[PDB]
Amino acid sequence: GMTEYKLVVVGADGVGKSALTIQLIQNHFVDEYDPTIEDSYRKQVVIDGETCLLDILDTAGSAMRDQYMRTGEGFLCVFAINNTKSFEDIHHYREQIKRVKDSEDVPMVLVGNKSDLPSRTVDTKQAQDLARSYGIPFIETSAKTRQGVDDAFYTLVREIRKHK
Ligand SMILES: Cn1cnc(Cn2ccc3ccc(CNCc4[nH]c5ccccc5c4[C@H]4NC(=O)c5ccc(O)cc54)cc32)c1
Ligand SMILES: Nc1nc2c(ncn2[C@@H]2O[C@H](COP(=O)(O)OP(=O)(O)O)[C@@H](O)[C@H]2O)c(=O)[nH]1
Ligand SMILES: [Mg+2]
Numbered sequence: 070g071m072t073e074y075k076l077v078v079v080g081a082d083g084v085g086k087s088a089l090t091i092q093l094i095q096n097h098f099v100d101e102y103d104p105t106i107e108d109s110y111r112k113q114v115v116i117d118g119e120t121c122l123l124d125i126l127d128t129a130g131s132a133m134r135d136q137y138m139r140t141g142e143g144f145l146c147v148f149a150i151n152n153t154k155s156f157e158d159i160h161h162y163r164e165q166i167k168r169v170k171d172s173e174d175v176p177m178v179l180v181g182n183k184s185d186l187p188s189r190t191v192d193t194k195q196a197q198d199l200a201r202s203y204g205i206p207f208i209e210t211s212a213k214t215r216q217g218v219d220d221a222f223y224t225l226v227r228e229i230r231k232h233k
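Start counting at 1 in the sequence shown, then tack on 69, and there's your number in my numbering.
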């Protein structure tokens, strides 16, 4: 049948949360003003024979934050591979989400975005080590080339499906 999955994309300003979401929904990467930007996004796909209705919230980097964290079922934790501070922020997002949801098992996927860029300051191994501490998948993405974009969102749905 049909099941909705509320996904929340979190991470520092400028890592590419909006660009990743727009690549998945609108199949484009644009540097200028984009009129397709909206309050939340929707995409229907089939995963494991179930019609999955992805309902995605693209956030900014407290009452509203707590409400979207409690409402959200899965979290895409995004950093940019050429921005060490955005990677350092990840553990703070993870602890904040766990504290707000009062849960030890929160579906999450760690996303290392801007993989198309040559200016890499966070190695793949560093991100894999942080992800293994949480027992969550780590996926390298590029909203520009689409590398790993589909994988990041559907792996998060699969993590929610396993949790449920
Ligand atoms: C705030 N906002 C987001 N989209 C709209 C557009 N919109 C207008 C009516 C209308 C009805 C239905 C939906 C689908 N769900 C939107 C959505 N996707 C999420 C994915 C993950 C976590 C939270 C959401 C939500 C919001 N729902 C909530 O309870 C909530 C609480 C706090 C929020 O900051 C946002 C939401 C859009 C709607 C408004
Ligand atoms: N080269 C490259 N630029 C990206 C990528 N994702 C986002 N950007 C750019 O980085 C800037 C910030 O992106 P944005 O989606 O607004 O980040 P957000 O603040 O996390 O929502 C913009 O100039 C984007 O075009 C990516 O994968 N590769
Ligand atoms: Mg944005």
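In this text, a Cβ means the ideal position worked out from N, Cα and C, and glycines have one as well.
Quick check: what's the CA-CA separation for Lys154 versus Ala81?
Cα-Cα distance, rounded: 8 angstroms.
Assuming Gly141 contacts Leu76 under a Cβ cut-off of 8 angstroms, what Cβ separation, rounded to an integer in Å, is found between them?
Indeed they touch by this definition, with Cβ atoms about 7 angstroms apart.
Near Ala212, what residues of its chain come up, given a Cβ to Cβ distance below 6 angstroms and the 5 sequence neighbours on each side ignored?
Taken in chain order, the residues that qualify are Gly85, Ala88, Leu89, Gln92 and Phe98.
According to DSSP, is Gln216 part of a helix, a strand, or is it coil?
Correct three-state label for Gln216: coil.
Residues near ligand 1, CB to any non-hydrogen atom under 5 angstroms, in chain order?
With the cut-off at 5 angstroms, the residues found are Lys75, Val77, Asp108, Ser109, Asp124, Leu126, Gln136, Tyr137, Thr140 and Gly141.
Please confirm whether any heavy atom of ligand 2 lies closer than 7 angstroms to the CB of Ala88.
Yes, ligand 2 has a heavy atom inside 7 angstroms of this Cβ.
Within its chain, find whatever has a CB closer than 8 angstroms to the CB of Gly83; leave out the 5 residues flanking it on each side and keep chain order.
Answer for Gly83: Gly130, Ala149, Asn152 and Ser155, listed in chain order.
Near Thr120, which residues of its chain fall below 6 angstroms by C-beta distance, leaving aside the five closest residues on each side in sequence?
The answer, listed in chain order, is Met71.
Indicate whether the contact test is met: 3 or more Cβ pairs, each with one atom in the stretch 101-108 and one in the stretch 159-170, closer than 8 angstroms.
The stretch 101-108 vs the stretch 159-170: no contact.
Tell me whether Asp220, by its Cβ, gets closer than 7 angstroms to a heavy atom of ligand 2.
Not under cutoff, so the answer is no.
Start and end of the beta strand (DSSP E) containing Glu73?
Here the beta strand (DSSP E) through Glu73 covers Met71 to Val79.
Kindly indicate which three-state DSSP category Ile166 falls into: helix, strand or coil?
DSSP places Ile166 in helix when its eight states are reduced to three.
Should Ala196 be listed as close to ligand 2, given that the test is whether its C-beta is under 7 angstroms from any heavy atom?
No, since every heavy atom of ligand 2 falls outside the 7 angstroms radius drawn around the Cβ of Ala196.
Which same chain residues, not among the five before or five after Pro176, have their C-beta less than 6 angstroms away from its C-beta?
Contacts found: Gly143, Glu228, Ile229 and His232.
Is the beta carbon of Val79 less than 8 angstroms from the beta carbon of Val147?
Yes.
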